[PDB]
């Protein structure tokens, strides 16, 4: 696994998140379901807990946008960058942005929102890109022959427990 330069990480285990807006591609309840599941993948193997806010500034502000959207890294239309996220820290740090020029899905038919969100949350928690082809944090998108098979690799678990420890 890799961490970011200087190893920034949250200095607390109870984190907040806010879904600021929604992609047209799925029902809101599906987006909420995909986001909750992506957070739980990391909650289950650490002491971290995520609490949903509906207004104000959460630690992890999740939003969907296209092209230029208020940071130094514009999106780029369909394909290429799918989303991006910032390492732990205040303000824009920790936030996750999803390119709404992608087609977001709940399955294998497009760009799986759960999958990509799970990878971005890794970044929001302090993990960079792994060299392991089976890691969730490996930098190469691939959807899945059955999502029910999905499992964090040991490389992802060890990265995240190195920063935050195992569940108490």
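Positions refer to the first chain, counted from 1.
With 108-116 and 60-68 compared on mean CA B-factor from the PDB entry, the stretch scoring higher is 108-116.
For the two regions 119-127 and 97-105, the entry's Cα B-factors average higher over 97-105. Reading the B-factor column for the CA atoms of 16, 145, 158, 21 in the entry, the top value corresponds to 145. In this entry, the residue among 39, 45, 26, 53 with the greatest C-alpha B factor is 26. Sort the modelled residues of the chain by CA B factor and residue 137 lands in the lowest third. In the PDB entry, a CA B factor belonging to the highest third of its chain's modelled residues is recorded for residue 81. In the deposited entry, the Cα temperature factor of residue 9 sits in the bottom third of values across the chain's modelled residues.
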